[PDB]
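A single chain comes next, written as structure tokens; it is the form solved without this ligand.
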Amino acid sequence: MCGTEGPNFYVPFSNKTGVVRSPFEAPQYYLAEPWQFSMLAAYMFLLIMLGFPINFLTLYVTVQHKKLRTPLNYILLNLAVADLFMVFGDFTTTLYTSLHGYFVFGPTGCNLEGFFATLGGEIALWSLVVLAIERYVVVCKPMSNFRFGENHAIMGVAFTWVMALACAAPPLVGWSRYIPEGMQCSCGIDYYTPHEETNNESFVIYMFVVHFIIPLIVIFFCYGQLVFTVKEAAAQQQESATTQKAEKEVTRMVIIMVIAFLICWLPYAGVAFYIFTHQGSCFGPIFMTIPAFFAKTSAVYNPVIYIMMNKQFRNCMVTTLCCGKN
């Protein structure tokens, strides 16, 4: 028996020595040395320092450049706001509580901080899905005589909020729960504990399927069709060197987008799966911290891939950073 448990938490450490305390009450320095709490804080520092400028700049630059506010960019903006939720509701809170060595906001602070942290990265996730669907629709022309416009772009945005609430909202109400995780400085969905009172198991399956497999399948199909449609067009177009270039950059970009999505949700998936089928086994605080390291840094690398590497956005950004000229 691997940890000690309480009404609102599970500490990944044995109380056989009597040292374990509520993560809502006193420091966890038995889970990990204090310098490791500092490092965690240092990491949270990095993600704010990078995550905020680059995500905020995105909103700002949209405000400054008229050519940027277009229906196809709506979801990219949504990604930026999602990342910001991750930055404030999650990264900073964690910076703060890490410096105490425990979650100082208590069980209700846990629910809130957990809800927003989850809402943020889930909006971001479904944003990546919706974007792909749209790009599939617009470039692959699967529907006849259909033109994508303002009213579709709204729904796409709205659809990511309904999906994200469909994930984040249930633990507030008794389907799973929010509890401190890892080093217990931050709160997340309990996918690792078989807490039957909240039905944690049926939720982790529903998470695994609806919020992971569906996204993975849609994103592969949509971008798959695209790298098809564009490779087809170039082969029928070879007299055009530009169409040749295009098919080459779109493919590279789809490889980056697809690998990036995996690097973000695969650890959380691989770990959730392994724990589910490994149930007698003991999982340490730092190990539970790993798939979280991965999913959180997306708040930086996502807008670099999806914003800074987007030609139009990057130009307006260089204009704005460069004091209006260039």
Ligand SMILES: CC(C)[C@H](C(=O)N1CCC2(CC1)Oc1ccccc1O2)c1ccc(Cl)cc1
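Residues carry their position along the shown sequence, with the first being 1.
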If you average the CA temperature factors over each stretch, which comes out higher, 42-50 or 288-296? 288-296
Mean Cα B factor from the PDB record: higher for 31-39, or higher for 65-73? 65-73
Per the entry's values, where does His152 land by CA temperature factor relative to the rest of its chain, in the lowest, middle or highest third? highest
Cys316 by Cα B-factor - lowest, middle or highest third of the modelled chain: middle
Rank-wise, by C-alpha B-factor, drop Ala26 into the lowest, middle or highest third of its chain. lowest
Going by the recorded CA B-factors, say which third of the chain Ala269 sits in, lowest, middle or highest. highest
Please place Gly182 in the lowest, middle or highest third of its chain by C-alpha B factor as given in the entry. lowest
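Keep in mind that the form solved in complex with this ligand is missing from the display, and what follows is about it.
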Is there a non-hydrogen atom of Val139 within 4.5 angstroms of a non-hydrogen atom of this ligand in the deposited complex? no
Against this ligand in the deposited complex, would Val204 count as a contact residue? Criterion: heavy atoms within 4.5 Å. yes
Using a 4.5 Å cut-off on heavy atoms, what residues in 103-129 are near this ligand in the deposited complex? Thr118, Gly121, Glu122, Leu125
